[PDB]
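This is input_24.pdb. It holds PDB, C-alpha atoms (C1' of nucleotides) and all ligand atoms.
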ATOM      1  CA  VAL A  16      -0.067 -56.931  13.692
ATOM      2  CA  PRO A  17       0.505 -60.399  12.156
ATOM      3  CA  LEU A  18      -1.473 -61.192   9.020
ATOM      4  CA  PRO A  19      -2.697 -64.501   7.553
ATOM      5  CA  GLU A  20      -0.359 -66.233   5.110
ATOM      6  CA  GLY A  21      -1.165 -68.887   2.534
ATOM      7  CA  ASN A  22      -4.132 -70.979   3.637
ATOM      8  CA  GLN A  23      -4.466 -68.903   6.821
ATOM      9  CA  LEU A  24      -7.518 -66.652   7.047
ATOM     10  CA  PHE A  25      -9.679 -64.808   9.565
ATOM     11  CA  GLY A  26     -12.281 -66.648  11.610
ATOM     12  CA  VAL A  27     -14.820 -65.998  14.348
ATOM     13  CA  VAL A  28     -15.206 -68.280  17.361
ATOM     14  CA  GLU A  29     -18.742 -69.689  17.392
ATOM     15  CA  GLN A  30     -18.893 -72.380  20.089
ATOM     16  CA  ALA A  31     -16.660 -74.131  22.621
ATOM     17  CA  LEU A  32     -16.897 -77.926  22.407
ATOM     18  CA  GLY A  33     -14.590 -78.642  25.354
ATOM     19  CA  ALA A  34     -11.413 -80.716  25.533
ATOM     20  CA  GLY A  35      -9.523 -77.894  23.831
ATOM     21  CA  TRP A  36     -11.802 -77.881  20.772
ATOM     22  CA  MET A  37     -13.510 -74.856  19.265
ATOM     23  CA  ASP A  38     -15.999 -74.086  16.532
ATOM     24  CA  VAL A  39     -14.911 -71.366  14.118
ATOM     25  CA  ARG A  40     -16.734 -69.748  11.203
ATOM     26  CA  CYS A  41     -14.291 -68.660   8.503
ATOM     27  CA  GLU A  42     -14.417 -65.719   6.094
ATOM     28  CA  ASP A  43     -15.463 -67.966   3.180
ATOM     29  CA  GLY A  44     -18.464 -69.849   4.591
ATOM     30  CA  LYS A  45     -17.064 -73.056   6.146
ATOM     31  CA  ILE A  46     -17.546 -74.058   9.780
ATOM     32  CA  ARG A  47     -14.383 -75.777  11.011
ATOM     33  CA  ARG A  48     -13.828 -77.851  14.156
ATOM     34  CA  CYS A  49     -10.467 -76.443  15.224
ATOM     35  CA  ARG A  50      -7.970 -77.677  17.813
ATOM     36  CA  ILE A  51      -6.090 -75.382  20.201
ATOM     37  CA  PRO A  52      -2.304 -75.958  20.027
ATOM     38  CA  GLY A  53      -0.619 -76.545  23.366
ATOM     39  CA  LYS A  54       1.962 -73.774  22.993
ATOM     40  CA  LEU A  55      -0.681 -71.019  23.077
ATOM     41  CA  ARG A  56      -3.252 -73.008  25.082
ATOM     42  CA  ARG A  57      -1.339 -72.522  28.353
ATOM     43  CA  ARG A  58      -0.953 -68.731  28.104
ATOM     44  CA  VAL A  59      -3.998 -66.978  26.595
ATOM     45  CA  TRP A  60      -7.628 -67.388  27.621
ATOM     46  CA  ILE A  61     -10.072 -67.292  24.705
ATOM     47  CA  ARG A  62     -13.825 -66.678  24.921
ATOM     48  CA  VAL A  63     -16.677 -67.177  22.472
ATOM     49  CA  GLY A  64     -16.804 -64.529  19.759
ATOM     50  CA  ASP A  65     -13.196 -63.504  19.118
ATOM     51  CA  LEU A  66     -11.157 -62.960  15.966
ATOM     52  CA  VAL A  67      -8.427 -65.571  15.434
ATOM     53  CA  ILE A  68      -6.167 -66.876  12.664
ATOM     54  CA  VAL A  69      -7.278 -70.257  11.301
ATOM     55  CA  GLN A  70      -4.771 -72.521   9.552
ATOM     56  CA  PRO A  71      -6.370 -75.492   7.750
ATOM     57  CA  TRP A  72      -4.849 -78.920   8.224
ATOM     58  CA  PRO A  73      -2.715 -80.314   5.372
ATOM     59  CA  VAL A  74      -5.152 -83.262   5.202
ATOM     60  CA  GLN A  75      -8.903 -82.666   4.795
ATOM     61  CA  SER A  76      -8.667 -78.881   4.605
ATOM     62  CA  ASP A  77     -12.458 -78.486   4.686
ATOM     63  CA  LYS A  78     -13.643 -79.242   8.249
ATOM     64  CA  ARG A  79     -10.566 -79.274  10.526
ATOM     65  CA  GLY A  80      -8.015 -76.612  11.349
ATOM     66  CA  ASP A  81      -5.920 -74.962  14.033
ATOM     67  CA  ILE A  82      -5.990 -71.572  15.756
ATOM     68  CA  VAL A  83      -2.588 -69.895  15.610
ATOM     69  CA  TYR A  84      -3.130 -66.307  16.817
ATOM     70  CA  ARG A  85      -5.720 -64.156  18.584
ATOM     71  CA  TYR A  86      -6.126 -60.381  18.379
ATOM     72  CA  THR A  87      -6.962 -57.893  21.123
ATOM     73  CA  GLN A  88      -9.514 -55.083  21.224
ATOM     74  CA  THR A  89      -6.917 -52.439  20.356
ATOM     75  CA  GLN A  90      -5.679 -54.645  17.512
ATOM     76  CA  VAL A  91      -9.283 -55.152  16.375
ATOM     77  CA  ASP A  92      -9.787 -51.383  16.237
ATOM     78  CA  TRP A  93      -6.471 -50.953  14.408
ATOM     79  CA  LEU A  94      -7.512 -53.528  11.798
ATOM     80  CA  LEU A  95     -10.896 -51.811  11.462
ATOM     81  CA  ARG A  96      -9.163 -48.485  10.807
ATOM     82  CA  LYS A  97      -6.805 -50.134   8.308
ATOM     83  CA  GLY A  98      -9.743 -51.672   6.445
ATOM     84  CA  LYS A  99      -9.024 -55.393   6.735
ATOM     85  CA  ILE A 100     -12.032 -56.394   8.871
ATOM     86  CA  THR A 101     -15.643 -55.251   8.578
ATOM     87  CA  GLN A 102     -18.676 -55.048  10.841
ATOM     88  CA  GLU A 103     -20.472 -57.773   8.868
ATOM     89  CA  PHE A 104     -17.662 -60.270   9.481
ATOM     90  CA  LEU A 105     -17.683 -59.483  13.206
ATOM     91  CA  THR A 106     -21.475 -59.884  13.322
ATOM     92  CA  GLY A 107     -21.523 -62.775  10.832
TER      93      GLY A 107
ATOM     94  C1'   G B   1      -2.029-155.020 -32.480
ATOM     95  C1'   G B   2      -7.385-153.263 -34.535
ATOM     96  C1'   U B   3     -13.085-153.802 -33.929
ATOM     97  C1'   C B   4     -17.522-155.631 -31.160
ATOM     98  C1'   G B   5     -19.751-157.897 -26.595
ATOM     99  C1'   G B   6     -19.762-158.896 -21.243
ATOM    100  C1'   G B   7     -18.029-158.141 -16.012
ATOM    101  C1'   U B   8     -15.382-155.119 -12.464
ATOM    102  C1'   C B   9     -12.384-150.945 -10.546
ATOM    103  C1'   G B  10     -11.895-145.870 -11.291
ATOM    104  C1'   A B  11      -9.324-139.871 -11.103
ATOM    105  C1'   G B  12     -12.215-136.161 -12.977
ATOM    106  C1'   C B  13     -16.957-133.364 -14.520
ATOM    107  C1'   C B  14     -22.417-131.688 -13.959
ATOM    108  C1'   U B  15     -27.077-130.912 -10.867
ATOM    109  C1'   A B  16     -29.489-130.641  -6.154
ATOM    110  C1'   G B  17     -29.276-130.380  -0.777
ATOM    111  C1'   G B  18     -26.858-129.569   3.997
ATOM    112  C1'   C B  19     -22.744-127.615   7.182
ATOM    113  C1'   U B  20     -18.400-124.151   7.184
ATOM    114  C1'   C B  21     -14.503-120.056   5.948
ATOM    115  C1'   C B  22     -12.831-115.315   3.746
ATOM    116  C1'   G B  23     -14.167-109.761   1.747
ATOM    117  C1'   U B  24     -17.530-105.912   1.771
ATOM    118  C1'   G B  25     -21.815-103.795   4.209
ATOM    119  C1'   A B  26     -27.098 -99.598   5.074
ATOM    120  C1'   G B  27     -28.436 -99.574  10.216
ATOM    121  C1'   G B  28     -28.019-100.563  15.620
ATOM    122  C1'   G B  29     -24.952-101.367  20.564
ATOM    123  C1'   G B  30     -22.208-100.965  24.537
ATOM    124  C1'   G B  31     -16.422-100.547  25.921
ATOM    125  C1'   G B  32     -11.707 -97.673  26.491
ATOM    126  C1'   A B  33      -8.814 -93.124  26.403
ATOM    127  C1'   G B  34      -8.877 -87.438  25.994
ATOM    128  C1'   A B  35     -10.355 -82.685  28.262
ATOM    129  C1'   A B  36     -14.059 -79.911  29.783
ATOM    130  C1'   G B  37     -19.430 -78.141  26.254
ATOM    131  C1'   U B  38     -23.380 -79.017  29.853
ATOM    132  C1'   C B  39     -27.178 -80.526  34.046
ATOM    133  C1'   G B  40     -27.264 -81.959  38.976
ATOM    134  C1'   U B  41     -24.627 -83.644  43.963
ATOM    135  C1'   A B  42     -25.212 -90.164  44.615
ATOM    136  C1'   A B  43     -20.739 -91.835  48.051
ATOM    137  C1'   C B  44     -16.439 -90.752  52.085
ATOM    138  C1'   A B  45     -17.969 -87.274  58.960
ATOM    139  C1'   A B  46     -24.480 -89.115  61.832
ATOM    140  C1'   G B  47     -21.776 -86.749  54.221
ATOM    141  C1'   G B  48     -26.531 -83.764  56.363
ATOM    142  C1'   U B  49     -32.767 -89.463  54.710
ATOM    143  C1'   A B  50     -26.658 -94.670  58.000
ATOM    144  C1'   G B  51     -24.420 -97.454  54.130
ATOM    145  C1'   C B  52     -24.655-102.195  51.519
ATOM    146  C1'   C B  53     -26.816-107.520  49.491
ATOM    147  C1'   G B  54     -31.384-110.339  47.060
ATOM    148  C1'   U B  55     -36.002-109.552  44.417
ATOM    149  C1'   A B  56     -39.715-106.111  42.053
ATOM    150  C1'   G B  57     -41.676-101.341  40.329
ATOM    151  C1'   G B  58     -40.629 -96.074  38.977
ATOM    152  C1'   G B  59     -37.418 -91.822  37.233
ATOM    153  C1'   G B  60     -33.397 -86.438  32.602
ATOM    154  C1'   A B  61     -28.856 -88.730  35.129
ATOM    155  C1'   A B  62     -26.283 -90.022  39.188
ATOM    156  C1'   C B  63     -30.748 -92.533  41.911
ATOM    157  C1'   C B  64     -35.887 -93.296  44.790
ATOM    158  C1'   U B  65     -39.583 -96.676  47.146
ATOM    159  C1'   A B  66     -41.568-101.571  49.270
ATOM    160  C1'   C B  67     -40.432-106.945  51.892
ATOM    161  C1'   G B  68     -36.640-110.130  54.171
ATOM    162  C1'   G B  69     -31.117-109.771  55.697
ATOM    163  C1'   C B  70     -25.832-107.994  57.361
ATOM    164  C1'   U B  71     -22.439-104.428  60.429
ATOM    165  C1'   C B  72     -18.076-103.635  56.617
ATOM    166  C1'   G B  73     -23.113 -97.880  61.349
ATOM    167  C1'   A B  74     -22.297 -92.263  64.585
ATOM    168  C1'   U B  75     -24.547 -89.986  69.472
ATOM    169  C1'   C B  76     -27.465 -89.978  74.151
ATOM    170  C1'   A B  77     -30.572 -92.593  78.025
ATOM    171  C1'   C B  78     -31.915 -97.156  80.060
ATOM    172  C1'   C B  79     -31.497-102.457  80.403
ATOM    173  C1'   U B  80     -29.017-107.250  79.912
ATOM    174  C1'   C B  81     -24.617-110.569  79.875
ATOM    175  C1'   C B  82     -19.225-111.036  81.227
ATOM    176  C1'   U B  83     -13.775-110.162  82.794
TER     177        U B  83
HETATM  178 MG    MG C 201     -25.373 -86.472  49.563
HETATM  179 MG    MG C 202     -26.997 -90.462  52.317
HETATM  180 MG    MG C 203     -41.800 -93.900  43.769
END
Would you mind writing the file out in structure tokens?
Amino acid sequence: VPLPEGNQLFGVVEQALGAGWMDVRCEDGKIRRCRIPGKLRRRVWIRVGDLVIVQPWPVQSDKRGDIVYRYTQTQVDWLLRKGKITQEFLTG
RNA sequence: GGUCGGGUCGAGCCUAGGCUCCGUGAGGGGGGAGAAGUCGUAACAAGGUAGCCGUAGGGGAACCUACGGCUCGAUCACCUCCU
């Protein structure tokens, strides 16, 4: 239901680097080493290959970012019906 | 007081050599935190091959093997020496 705002955009989880760090491919072609904020790190489990909202850092907004929201399967289908996400983006 | 000659002292300046300090720096090396991406299970009980010290060789990694040593080693049988 929430949508990206400003620098926020859609991303796909690619690899888990441990220590609360993730690898996420964005919808423009940049692989970013993102950090999981503690507020949502203690509530929601996240696996490899999920759609999330990536907010770039105010400094060096090219390789580092944060993950601020994750969607569910029903939300993924709803976005697919709306026309905001495509099969190519899911499959990379 | 000017000019020339002689003797002596002399800050500074140039060249060469030798030590030493500060700023960068391609590349290499371990150390400390973090939390988990990964492969195993070396230690604590006889931890499932008792553990550890010295020296030497080998192995993805904890580690393994040989010679001499210590008890900071468990259980059973026998023997020895004491109170
Ligand atoms: Mg063991
Ligand atoms: Mg052992
Ligand atoms: Mg060997």
What do you get, as a PyMOL selection string, if you spell out every residue that the PyMOL selection byres ((chain A) within 10 of (chain B)) selects here? chain A and resi 30-37
Within 7 Å of ligand MG 201 (chain C) (all atoms listed in the file), residues as a PyMOL selection string: chain B and resi 41-42+47
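Based on all atoms listed in the file, the protein and nucleic acid residues found within 10 Å of ligand MG 202 (chain C) are, by chain and then by number, residues 42, 43, 46, 47, 48, 49, 50 and 51 of chain B.
Picked out by the PyMOL selection byres (((not hetatm)) within 12 of (chain C and resi 203)) when it runs on this file: residues 57, 58, 59, 63, 64, 65 and 66 of chain B.
For the pair atom CA of residue A:66 and atom CA of residue A:52, the separation is 16.2 Å.
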To verify the selection step, state as a PyMOL selection string which residues the PyMOL selection byres (((chain A and resi 93-104) around 12) and not hetatm) yields on this input. chain A and resi 16-19+24-28+40-44+64-67+86-92+105-107
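With atom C1' of residue B:76 on one side and atom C1' of residue B:45 on the other, the separation reads 18.1 Å.
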Report as a ChimeraX atom specification all protein, DNA and RNA residues lying within 6 Å of stretch 78-85 of chain A, evaluated on only C-alpha atoms (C1' of nucleotides), omitting residues in the same chain fewer than 5 positions from it. /A:47-51,67-72
Find the distance between atom CA of residue A:29 and atom CA of residue A:73 and write it in Å to one decimal.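 Going from atom CA of residue A:29 over to atom CA of residue A:73, I get 22.7 Å.
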Put a box with edges along x, y and z around all the listed atoms of stretch 74-93 of chain A, pad it by 6 Å on each side, then give me its centre and sizes in Å, one decimal, as JSON.
{"center_x": -8.1, "center_y": -67.1, "center_z": 12.9, "size_x": 23.1, "size_y": 44.3, "size_z": 28.6}
Env of residue B:40: 12 Å cut, atoms = all atoms listed in the file, seq-sep filter 4 positions within chain, self excluded. Answer as a PDB file with C-alpha atoms (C1' of nucleotides), in the frame of the given file.
ATOM      1  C1'   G B  60     -33.397 -86.438  32.602  1.00  0.00           C
ATOM      2  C1'   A B  61     -28.856 -88.730  35.129  1.00  0.00           C
ATOM      3  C1'   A B  62     -26.283 -90.022  39.188  1.00  0.00           C
ATOM      4  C1'   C B  63     -30.748 -92.533  41.911  1.00  0.00           C
TER       5        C B  63
END
